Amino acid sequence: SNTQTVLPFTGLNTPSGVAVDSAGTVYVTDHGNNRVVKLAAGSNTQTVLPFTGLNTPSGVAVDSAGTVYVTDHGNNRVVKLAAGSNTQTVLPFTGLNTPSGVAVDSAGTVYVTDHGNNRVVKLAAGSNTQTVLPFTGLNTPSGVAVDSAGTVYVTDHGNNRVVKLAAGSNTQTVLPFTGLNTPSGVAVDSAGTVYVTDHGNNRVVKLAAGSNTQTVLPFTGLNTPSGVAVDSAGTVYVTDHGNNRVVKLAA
């Protein structure tokens, strides 16, 4: 598609992260209003999730069980919300500073970009052990994503590059993007195609796996886009930070 649609969220203020579950429900961190809102496919009414005490929240992720994870960036913590019970719990990360992106893999392992510490950290389900991923040379990293093979992708926001670590691998590889300006969010679809919000260039770019040539998606009138997500149909969702809106573009 060459024609985006604006999702019927209301009253957003500088939205940051976006995620989408297997049912097409879209979750957005309403960063300027300290809340997380969700929108079911086809609905006009947004639902504010019962998160509590959020402070400039950044990233959001949703796993298979419907658990929602949010980086509480202003409180240097990551919180999650189990469906049904609606009890919020703080994940046992430690030593985070202005964390930004968050992602969850099929194993329930949670990855967070510890933006203030120039590192990426992961926490397995049920554990009190956090692992520092062996990325090197990170400068204010922003977004994080993980594909079905466990490969981790990070937007190295301060170095205008996107980096990835295969599962069990020790050395990162830099993706062949070009002309990136303060990249923000990253997403990866089921075929390994990587989508990056080129935040400083008001555009979203994508890169097929094993391709050396990027493509600019035909979004319209973005201003400093931040978060990006992709669903199983290839629909791309983008938080338009500067315009207080969320837009989507069918494949």
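Heads up: residue numbers just count along the shown sequence, starting at 1. In this text, the rigid core denotes the largest set of C-alpha atoms whose superposition between the two forms falls within 1.5 Å.
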| item | value |
| --- | --- |
| Greater root mean square CA deviation, 177-185 compared with 78-86 in 8 other deposited structures of this protein, core aligned | 78-86 |
| Higher-deviation stretch (C-alpha RMS, rigid core fit) in 8 other deposited structures of this protein, choosing from 164-172 and 135-143 | 164-172 |
| Mean C-alpha B-factor comparison - 96-104 and 75-83, higher one | 75-83 |
| Of 53-61 and 39-47, the one with larger mean CA B-factor | 39-47 |
| Deposited CA B-factor, highest of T151, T129, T155, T113 | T129 |
| Highest recorded Cα temperature factor - choice among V120, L91, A167, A145 | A167 |
| Third of chain Cα B-factors occupied by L180 | highest |
| Cα B factor band for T67 (lowest, middle or highest third within the chain) | middle |
| Third of the chain, ranked by Cα B-factor, where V204 sits | lowest |
| Chain third (lowest, middle, highest) by recorded CA B-factor, residue given as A124 | middle |
| Record-listed C-alpha B factor of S232: chain third | highest |
